[PDB]
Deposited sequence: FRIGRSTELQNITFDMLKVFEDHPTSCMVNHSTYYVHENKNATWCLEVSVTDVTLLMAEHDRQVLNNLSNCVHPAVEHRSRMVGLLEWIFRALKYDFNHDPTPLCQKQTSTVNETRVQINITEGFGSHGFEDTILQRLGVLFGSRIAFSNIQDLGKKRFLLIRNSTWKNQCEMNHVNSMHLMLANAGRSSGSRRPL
């Protein structure tokens, strides 16, 4: 770009693959569905969704009270990594385990082959503004605008799925996630 007779406007574009290859990253398919990836070469991922349908009921499923690792089947090959990524998500959500609603996860004898962690963000289940707090966290984490939208049941759901390149790595989301988990260990 020719600004003047002797001055030019130039640009540089950074490539952040090498810096954030081996660290957890996240991506937004749409304003309700998000994906968290432990590392670029992981064959599994965690899906974070805002849903209107209850999938886990308190009458039949376990609640997470300092036993999140039990929500993953003992026969999963990447069980420790999946529990670690769940903790990374939980710390990225800035979850208050003293005051926020107790998360639910699936029963031990579930027929479905996926690990589900459910948070009830319906108005009145938690303290005032808990739904808004979570939605604004989703906006800060994944760049979502779900919060900038108009009493029905609503949940934040974290399930495990196979990595199918549902998005492209976003190093801003990586920075937000890593900032929320500063001091932890990442990079193998």
Without any C-alpha position in the structure, which residue ranges of the deposited sequence would you list, numbering from 1? 151-154, 193-196
